[PDB]
């Protein structure tokens, strides 16, 4: 057996699906979109028996800015790691993560994260990969809290419009709103979400995927919505193969801090969901939510669907 770099995307995806495809079905389009467009220092290391790929790890160091966050070179990420089912418990996973980690460490990493990278596949260790928690524990990762993808079928429920206090308008974005939108993000969400707006517009997000809420003329919040016409495969629709015809998604969503807790997030969410409904969306997902916010979406009939555990290793 040898460990060496591979960018044999088909073989990786094939191995991915054979091992975990029932619950994280992967396709080449998503795999390539996410791997190729990422701007971090990144690598894929494979484990090989001769010419046969038997496992891999994808890993990154935070070397590229997130909006007005500077990169923190101390942070590295394990995007994914899978050893083929017929080669488990032979130390291969170990050798792969050793190689990843030693490299990150030599280049200055001191905090190693399970998922949560830019162009992530996973917010953390999936519950479906719960037994890997012990693999990570043994290597010095500590297990922390959970995030959840939520699922709902917006074709099945009708909801009541929240009561519009006046001045506030919710609308699908137009090209000429881009200036205002960026101005709002620099103020309120100037980190990764800003960076995602910039990068997603570059990779095929369209104005139709964005809903804005304005007070008078000022942008004071947004959502990103997805359907089966969206060009960019974002996190809500990663696992669209599980979601049927007329799939969709939503996230992220935010309101200017000074307008919070007046029912405006609820209004934006309502309107975003009506747009999706009108687009004939059925099952749809809201990705990477925290526990404390689940009820916000649950009023609209969304339920936790997948769970992911945050996990972090501090380099000694």
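By rigid core we mean the largest C-alpha set that fits within 1.5 Å across both forms. Positions refer to the first chain, counted from 1.
In 5 other deposited structures of this protein, superposed on the rigid core, the segment with the larger root-mean-square CA displacement between 157-165 and 234-242 is 157-165.
Per-stretch averaging of Cα B factors for 165-173 and 84-92 places 165-173 on top. With 26-34 and 273-281 compared on mean CA B-factor from the PDB entry, the stretch scoring higher is 273-281.
Highest C-alpha temperature factor among 192, 240, 120, 214, as the PDB entry reports it: 214. The residue among 141, 148, 226, 159 whose C-alpha carries the highest B-factor in the deposited model is 159. Among all modelled residues in its chain, residue 125 ranks in the lowest third by Cα B-factor. Placement of the Cα temperature factor of residue 200 within the chain: middle third of the modelled residues, per the deposited record.
When all modelled residues of the chain are sorted by CA temperature factor, residue 265 is found within the middle third.
In the deposited entry, the Cα temperature factor of residue 99 places it in the middle third of its chain's modelled residues. Residue 134: CA B factor in the middle third of modelled residues in this chain (values from the PDB entry).
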